[PDB]
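The basis for the numbers below is simple: all heavy atoms, side chains too, and nothing from hydrogens, waters or symmetry mates. The sequence lines fix the lettering, A, B, ..., with proteins before strands; numbering per chain opens at 1.
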Amino acid sequence: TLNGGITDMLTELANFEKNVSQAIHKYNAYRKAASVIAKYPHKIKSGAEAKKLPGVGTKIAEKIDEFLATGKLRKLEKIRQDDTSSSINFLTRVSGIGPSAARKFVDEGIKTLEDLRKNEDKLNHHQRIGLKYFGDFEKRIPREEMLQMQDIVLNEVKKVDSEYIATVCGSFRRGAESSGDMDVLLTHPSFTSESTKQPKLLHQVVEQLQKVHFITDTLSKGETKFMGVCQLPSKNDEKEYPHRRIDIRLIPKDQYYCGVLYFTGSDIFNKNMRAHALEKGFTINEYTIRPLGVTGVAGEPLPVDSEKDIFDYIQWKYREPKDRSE
DNA sequence: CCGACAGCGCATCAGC
DNA sequence: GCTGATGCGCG
DNA sequence: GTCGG
Ligand SMILES: [Cl-]
Ligand SMILES: [Mg+2]
Ligand SMILES: [Mg+2]
Ligand code: NA
Ligand code: NA
Ligand code: NA
């Protein structure tokens, strides 16, 4: 983190644009610049030096000059002092509360954690759970705990049907020493792009995980995506582990490689890669990579037998999960 | 300039 | 009930 | 806010 100060600033700007301005392209612009700068192997001495990097334009360069000179950014100083902006940014930290809901709550005079607690009747289900575990969802998960969680999920899945394959993705798969949550990619031979030969494939796994008290709450749930909450079991007399966010995604088995590429991320890496795919005349989602026709319409799914096959199509050297932390 | 900026599942709502 | 739009979340 | 054409 040679350039921690700068990337924090950019990230704070990004958050402002997303949460308050609701300007998503500005948000993405700031995130891209923060990311490109975070991997720059030199301590930055000037905006000019920074502007050499792709994603860092004139406006960001001037901000980096201001920051380097004074150690702060007036624009942010002001944003921090504004009550409405500060309140909105805060409320968006609750899972289920976005920019729109946040601004709406602020209108109604609901602007603090205390306000939320006393107005639970004004929250949808997801938001109520996000509030319930607000503190816990702030905490990172040590890889040691991720490992225990992996064992539980894989073993419980095995118990439901030995043919399931559960893979832990996200930052965990990228080798990080701590994770924001647990991402599980699930497959079963009875669910392919060709046919769904069994219903409740995701339900049964979710049910089994609730049975053993691993999954504690549900934010949302469909036939292919579960989003919820889980918790490690603690021993006699031990303080409980924090509750943790868990996402489970059921992907057609013959589409595993596109799925694991997606679920491994990072999010910025995915955006970069998919953007590059477009430039190369392909479109990539978690299911397939397809050529773009002359009209700009997706063609038929190209054959894929590894993650590297995807990189090959778009003429990128293969990058291991651990090098996709952008 | 000015168009493009990745892609998609689930929840909730409006309108029919 | 459905469809489509929008909010929010995931990487 | 940044970039490519
Ligand atoms: Cl924007
Ligand atoms: Mg994750
Ligand atoms: Mg994340
Ligand atoms: Na640049
Ligand atoms: Na939120
Ligand atoms: Na996740």
Base, sugar-phosphate or nothing for [X]? Non-hydrogen atoms, less than 4.0 Å.
| X | answer |
| --- | --- |
| A/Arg174 | sugar-phosphate |
| A/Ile268 | nothing |
| A/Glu17 | nothing |
| A/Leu53 | sugar-phosphate |

_Watson-Crick or G-U counterpart of B/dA6, or none if no pair lies under 3.5 Å_ = none
*For DNA chain B, determine which residues of residues 55-64 of chain A have any heavy atom closer than 4.0 angstrom to one of its atoms, and list them numerically.*
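None - not one residue of the stretch has a heavy atom sitting under 4.0 Å from the strand.
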Please list, pair by pair, any protein nitrogen or oxygen found under 3.5 Å from a nitrogen or oxygen in nucleotides 8-10 of chain C.
residue : atom : partner  : partner atom : Å
C/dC8   : OP1  : A/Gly98  : N            : 3.0
C/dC8   : OP1  : A/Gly98  : O            : 3.4
C/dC8   : OP1  : A/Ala101 : N            : 2.8
C/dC8   : OP2  : A/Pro99  : N            : 3.4
C/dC8   : OP2  : A/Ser100 : N            : 3.1
C/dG9   : OP1  : A/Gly96  : N            : 2.7
C/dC10  : OP1  : A/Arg245 : NH2          : 3.0
C/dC10  : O3'  : A/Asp247 : OD2          : 3.4
C/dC10  : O2   : A/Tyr262 : OH           : 2.9

*Hey, does the side chain of A/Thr224 come within less than 4.0 Å of B/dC10's phosphate (OP1/OP2), counting only N and O?*
yes
Identify each donor-acceptor pair in which a side-chain atom of residues 46-53 of chain A lies under 3.5 Å from a protein atom, sequence neighbours left out, and give them as a table.
residue : atom : partner : partner atom : Å
A/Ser46 : OG   : A/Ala48 : N            : 3.4
A/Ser46 : OG   : A/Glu49 : N            : 3.2
A/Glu49 : OE1  : A/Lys45 : N            : 2.8
A/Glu49 : OE2  : A/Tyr40 : OH           : 2.8

*asked:* Show every salt bridge (charged side-chain N to carboxylate O under 4.0 Å, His left out) that has at least one partner inside residues 79-103 of chain A, sequence neighbours left out.
replied: A/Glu12-A/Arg80, A/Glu77-A/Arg80, A/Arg93-A/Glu138
*Kindly state which residues belonging to residues 20-52 of chain A come within less than 4.0 angstrom of DNA chain D, counting heavy atoms of the residue only, listed by number.*
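Result for residues 20-52 of chain A: A/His25, A/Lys26, A/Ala29, A/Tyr30, sorted by number.
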_Opening and closing nucleotides of DNA chain D in contact with chain A, under 4.0 Å to non-hydrogen atoms_ =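 Span of nucleotides near chain A: D/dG1 to D/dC3.
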*If each of A/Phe282 and A/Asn124 is mapped to the nucleotide of DNA chain B with the nearest heavy atom, which maps nearer the 5' terminus, i.e. the 5' end?*
A/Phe282
_Over 60° means perpendicular and under 30° means parallel, so tell me whether A/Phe269 and A/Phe311 are parallel, tilted or perpendicular._
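Rings of A/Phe269 and A/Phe311: tilted, as their planes differ by 30° to 60°.
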*Do the side chains of A/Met9 and A/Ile60 join up, straight or via other hydrophobic residues, at under 4.5 Å, putting them in one cluster?*
yes
_With a 4.5 Å cut-off on side-chain heavy atoms, are A/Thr167 and A/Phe263 touching?_
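A side-chain contact under 4.5 Å is absent here.
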